[PDB]
Amino acid sequence: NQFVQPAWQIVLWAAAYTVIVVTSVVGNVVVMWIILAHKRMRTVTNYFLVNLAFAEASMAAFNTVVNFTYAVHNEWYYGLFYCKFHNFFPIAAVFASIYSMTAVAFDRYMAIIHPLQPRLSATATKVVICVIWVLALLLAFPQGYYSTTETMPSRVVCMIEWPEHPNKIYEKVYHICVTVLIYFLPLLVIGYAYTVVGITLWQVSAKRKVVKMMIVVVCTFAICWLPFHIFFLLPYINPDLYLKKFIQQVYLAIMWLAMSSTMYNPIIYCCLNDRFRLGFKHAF
Amino acid sequence: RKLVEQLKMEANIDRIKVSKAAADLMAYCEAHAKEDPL
Amino acid sequence: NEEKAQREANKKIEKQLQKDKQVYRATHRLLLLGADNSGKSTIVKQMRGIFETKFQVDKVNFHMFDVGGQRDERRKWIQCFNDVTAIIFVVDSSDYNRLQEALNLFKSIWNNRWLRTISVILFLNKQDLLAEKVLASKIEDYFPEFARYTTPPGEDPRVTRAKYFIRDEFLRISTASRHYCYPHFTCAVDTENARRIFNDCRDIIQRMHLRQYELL
Amino acid sequence: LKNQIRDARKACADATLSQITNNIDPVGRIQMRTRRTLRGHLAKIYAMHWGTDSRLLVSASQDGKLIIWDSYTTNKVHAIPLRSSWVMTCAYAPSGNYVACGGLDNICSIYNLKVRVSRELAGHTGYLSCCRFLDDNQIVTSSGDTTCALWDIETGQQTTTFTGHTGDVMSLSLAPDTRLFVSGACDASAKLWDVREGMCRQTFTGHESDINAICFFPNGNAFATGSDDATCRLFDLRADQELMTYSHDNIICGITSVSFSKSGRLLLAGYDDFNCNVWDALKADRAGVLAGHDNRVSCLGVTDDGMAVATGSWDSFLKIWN
Amino acid sequence: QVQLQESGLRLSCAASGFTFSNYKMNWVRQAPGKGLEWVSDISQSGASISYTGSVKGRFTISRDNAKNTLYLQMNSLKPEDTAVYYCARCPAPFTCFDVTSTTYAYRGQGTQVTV
Amino acid sequence: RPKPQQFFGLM
């Protein structure tokens, strides 16, 4: 059994993960409390914001901690039912977070470019939230259904036993389809919407701060979500890379890089608006 | 013209003093206080 | 028994009212206001108790209300126009004797408590008369500050000096103290005032929507 | 001649009302909580009026809607649209048959609920400010051209006209004996009128700004007025002078509505500081605060049984307190 | 009752029936054959003082809150100044529209000045 | 089942 690490690397990775999980859960539940608890911020505008905050808190509470405790020593510690639940729910949380970000960009585009049109109703907002969560669960279902737990000499592993085929069509088509549905489409949507809004907007300093914020959001999304999909699309091109400790170093690095995208949005909301600054001042 | 006639017509009133009006207000406030839900 | 008939009539009421919320949010209310010498009646005829005018531009419907049926006092019913999008203030710029009353009315509108968040679109009407009057009074016997003024126009630039002096007199009290002021030059005949009102209302609603979406 | 009137009113004054309240049991702290909340209007609610049976109320909004509410089950019985979007007043008939409205359109509209426009009264030149029902046959209105009027609904023409004010009339209130009524205007003066003769009996001048609200005592011999100078004043028809005053040094906002309770012990006043205050009518000290609205409270009502108090503000919500 | 009494070349306006230290005061003229025209105004503390452009540099306004009175000092007279003068109070404290109105309830009877 | 030296990364 080769997947074992000494003390110092484990200490370094534990600190580097503890910082981001503490910052993510504290910022997201504080922002959710500020919107839901002051009785003047409960507005149709902020529903997608509290949906994104809940999705990011659920994404950073389970999917980072359990994957870290599985990636330290490559052993499973909980059981078959938690293997099923972990392969079902937090991937749907990731999908719901990304589509909530796309919905927020959509409302900002229609608020700035077409101001005279009325904003969407409360029931349409609730239907869009429900469709987002149902689509996330339906996309994350086949990974959690086929998940299983197998024993080996000094190993217990939770894996995804896909149905066998001589050419490996099912998992290849599924991984290519989920790569297209995560990465390429909402990057294009957010890029086009924020490009048009930034071109229109570019008290000039507040508008330039808004344009710089959208540039930061698009750049961090692309740079922090590229190598995650590169690594998960890797083993259909050269599958001999998965038999060394270098690949678990690469996995831990890309997992930190992918889950570092959770902390950015409460910092942005505290930076721009003064009412959110008063909310953080009253909450602390 | 009209204001002078209005003041001359309203100058002749029988003004009851403050004590009788205050006593009547106390009597009406104390008599009906048992039917006040507020 | 009787409670079931009350619930059935209630659900019919909340349905139709919801359809009303589909249309009351889709139209914008403007309050037109000015003086008797100002040509505010010539403006409302071009897009066409209380007179009302409905006009549609870029598939957006506007309903603007020329109100007057009351006395000279207006400090009580002017609180009724609290939720309007904009106030269209029309000024006759060829009469300097009545211009001080227009400036005082603009001050009282701008510094009101219930009108401190409603913006004003300013029109300076009747400028052909201004050109034919300046070229042929002297616009300084009433205002002793025109003799020292520099401009920040077919044969003489004096009309530009007069026009920019009047709009600067209007803009100084606007910038001396949420809500903006949008001044435009208009003539006796003009078929582009609806586009100006549309663009200014677009800017007003965009600046308002920039704050409610937490973008400052 | 006015100096002789002031000298006579000074000579009729023996002692103040506050000095006579030394030996009396105080009311104490009063706390009230919002029981029901009515939410169906789009624009700002401008006026209301309670029914005689203390169950059904009427509310008028500024988008052109008049909605009859059931206070118990929060059920919308009727939702009548209006020809003119701008209204300022509403009233409810004592027999429960009729409802009325008016505003900037210079017309008083009377609707029958047995829903169509039963009557339209058009004789005024200024905006209607208040309207009340004596019976289902006569109606009293006040306009913005310094005139009050008494109309017959069946003939549809004005019967009597009261012209005594110099500023615009803002509110009126009828007596429980249905033979006298008082009106307050924008000249810091309140006047008492008799419906049979048609002449001003008496004139009171105590305030300093426009008077916005006026209502009779349950006894029928006194009335309290609120104005824009952050003061409330209680006058009596027999003493002919300003009997009592209620004010505070921390308020700089006007009074929008004034009502009494059943026994006359309490006096509820709505303010422009987003809240309502509950004063004691004899000790002249503040005793209750009602704060539940996000905009300025514009209308207030007390039931005929003294069991509920309903407020309505510019936040499009009408609330009930017990 | 609010009372404004004028006298008067230094014109005096005496006020009674209200607190003088809360309202912004105005001086308004009326020419024979012409409508009401606004001349001057002074705020609650006297820090803000404004005039019509035809009377600037030629008139002066002062208020004395200790005795609750309002003075107007006017010199270098012209035949165009022959008018009836009123002192007016705009209604709402801590702020005020209708000081130039046909029937206003918060202004006096005025004094005649003929040059 | 595939190999005793695989890593089995998860999302």
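Residues numbered from 1 in each chain as written, not as in the entry; some residues may be left out. Chains lettered and ligands numbered in written order. Heavy atoms only, no water. Residues with missing side-chain atoms left out of burial classes, pairs and counts.

Draft legend 1. Spotlight on the overall build of chain A. On a plain count of helices and strands, chain A comes out with 10 helices and two strands. Here chain A has a C-alpha radius of gyration of 21 Å; the compact-globule value for 284 residues is 19 Å, and the two agree. Once the C-alpha set of chain A is aligned to its principal axes, its extents read approximately 65 × 45 × 30 Å. (Helix = DSSP H or I, 4+ residues; strand = E, 2+ residues; numbered from the N terminus. Rg over C-alpha atoms; globule rule 2.2 N^0.38 Å.)

Draft legend 2. Inspection of the overall build of chain E at higher detail. In terms of regular secondary structure, chain E is built from zero helices and nine strands. Mapped from its N terminus to its C terminus, chain E presents α and β elements in the order β-β-β-β-β-β-β-β-β. Since a compact globule built from 115 residues should have a radius of gyration of about 13 Å, the 13 Å found for chain E is in line with a globular shape. If you line up chain E on its principal axes, its C-alpha atoms span 35 × 30 × 25 Å.

Draft legend 3. Representation of the side chain of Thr186(C) within the structure. All names here are of chain C. Relative to the elements of secondary structure, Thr186 occurs in the loop between β6 (181-185) and α6 (193-212). Polar side-chain contacts of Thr186 include one of 3.3 Å to the side chain of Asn193. Those residues in contact with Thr186 that lie beyond four places of it in its chain are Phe123, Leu124, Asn125, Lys126, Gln127, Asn193 and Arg196. (Polar contact = N/O pair within 3.5 Å; in protein donor to acceptor, adjacent residues only side chain to side chain. Contact = heavy atoms within 4.5 Å.)

Draft legend 4. Here's a closer look at the state of the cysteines. All names here are of chain E. A disulfide bridge connects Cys13 with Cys87, and the sulfur atoms are separated by 2.0 Å. On the S-S bond that ties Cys13 to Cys87, the torsion sits near 75°, and the link is right-handed. Within this pair, whereas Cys13 is found in strand β2 (residues 10-16), its partner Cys87 is found in strand β8 (residues 83-89), the two being separated by 74 residues in sequence. Paired through a disulfide, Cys90 and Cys96 show a sulfur-sulfur distance of 2.0 Å. Torsion about the S-S bond of the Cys90 and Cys96 cystine: about -90°, corresponding to left-handed handedness. Ordinal numbering of bonded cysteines along chain E defines a disulfide pattern of 1-2, 3-4. (Disulfide = S-S within 2.5 Å.)

Draft legend 5. Region of the structure containing the interface of chain D and chain C. Taken together, the contact between chain D and chain C spans 36 residues of the former and 24 residues of the latter. Of all elements in the fold, only β4 (65-70) and β5 (76-81) of chain D reach the threshold of two or more residues within the side of chain D that touches chain C. It is β4(D) that provides the largest number of residues to the side of chain D that touches chain C, a total of three residues. By residue class, the composition of the side of chain D that touches chain C is 12 nonpolar, 12 polar and 12 charged. (Nonpolar A, V, L, I, M, F, W, Y, C, P; charged D, E, K, R; others polar.)

Draft legend 6. Expanded view of the UniProt feature "binding site: CP-96345" in chain A. Residue and element names in this part refer to chain A. Within this structure's numbering, the places UniProt gives as "binding site: CP-96345" are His175. Topologically, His175 is positioned in helix α6 (residues 170-201). Residues contacting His175, with those up to four places away along its chain left out, are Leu233 and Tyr236. (UniProt positions renumbered as here; feature names shortened; annotations may be inferred.)

Draft legend 7. Representation of the sheet that holds strand β15 (residues 180-185) of chain D. All names here are of chain D. Strand order in the open sheet formed by four strands is β14-β15-β16-β17, with antiparallel pairing between adjacent strands. Strand pairing shows two members of the sheet lacking a second neighbour, β14 (169-174) and β17 (200-204), which therefore form its edges. Looking at each pair of strands side by side, their axes are set apart by 20° on average, direction ignored. With four bridges joining them, strand β16 (residues 190-194) and β17 adopt antiparallel strand pairing. Paired with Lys191 across the strands is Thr203, a residue of β17. (Pairing = 2+ DSSP bridges. Axes fitted to C-alpha atoms, helices over the stretch in contact; angles between N-to-C directions.)

Draft legend 8. Spotlight on the UniProt feature "disulfide bond" in chain A. Below 2.5 Å lies the sulfur separation expected of a disulfide, and the 2.0 Å found between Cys83(A) and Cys158(A), a pair UniProt records as linked, sits within that range. Here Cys158(A) lies in strand β2 (residues 155-160) and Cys83(A) lies in helix α4 (residues 80-113), a separation of 75 residues in the sequence.

Draft legend 9. How the structure looks around the packing of helix α1 (residues 7-37) of chain A against helix α8 (residues 246-259) of chain A. Residues and elements named next belong to chain A. Where α1 contacts α8, the two axes come as close as 10 Å, and the packing angle between them is 15°. Put simply, α1 runs roughly parallel to α8. As α1 runs across α8, the sense of the crossing is left-handed. Along the contact surface, α1 presents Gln9, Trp13, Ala16, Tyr17 and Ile20, while α8 presents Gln249, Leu252, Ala253, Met255, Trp256 and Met259. Tallied by class, residues from the contact of α1 with α8 come to nine nonpolar, two polar and no charged. (Parallel < 35°, antiparallel > 145°, perpendicular 65-115°, else oblique. Left-handed = near helix turned anticlockwise from the far one by under 90°.)

Draft legend 10. Representation of the sheet that holds β8(E) in the model. Residue and element names in this part refer to chain E. The sheet built from five strands is open, its strands ordered β5-β4-β3-β8-β9 with antiparallel pairing. The open sheet is flanked by β5 (49-51) and β9 (111-113), the only strands paired with a single partner. When the angles between neighbouring strand axes are averaged without regard to direction, this sheet yields 30°. Judged from the six bridges that link them, strand β3 (residues 25-30) and strand β4 (residues 36-42) form a sheet pairing that is antiparallel. Opposite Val28, over in β4, you have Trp38 as the bridge partner.

Draft legend 11. Fine view of the environment of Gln70(C). As for its placement among the helices and strands, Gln70(C) is situated in the loop between β3 (60-67) and β4 (86-92). Separated by 21 residues in sequence, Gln70(C) and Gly49(C) place their C-alpha atoms 8.3 Å apart. Every residue in contact with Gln70(C), bar those within four places of it in the chain, is listed here: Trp77(C), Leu104(D), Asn106(D), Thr125(D), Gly126(D) and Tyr127(D).

Draft legend 12. Local environment of the packing of α4(A) against α6(A). Residues and elements named next belong to chain A. Across the interface, α4 lies against α6 with an axial gap of 10 Å and an inter-helix angle of 25°. Here α4 is positioned roughly parallel relative to α6, judged by the angle of their axes. Once α4 is placed against α6, the crossing between them reads as left-handed. Residues that form the contact of α4 with α6 fall into these classes: 20 nonpolar, two polar and one charged.

Draft legend 13. The arrangement of unusual backbone geometry in detail. A positive phi angle, close to 55°, is found at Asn74(A), a residue other than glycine. Within the secondary structure, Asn74(A) is located in the loop between α3 (65-71) and α4. Residue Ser54(D) is not a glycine yet carries a positive backbone phi of 60°. Looking at where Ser54(D) falls in the secondary structure, it is placed in the loop between β2 (45-50) and β3 (56-61).

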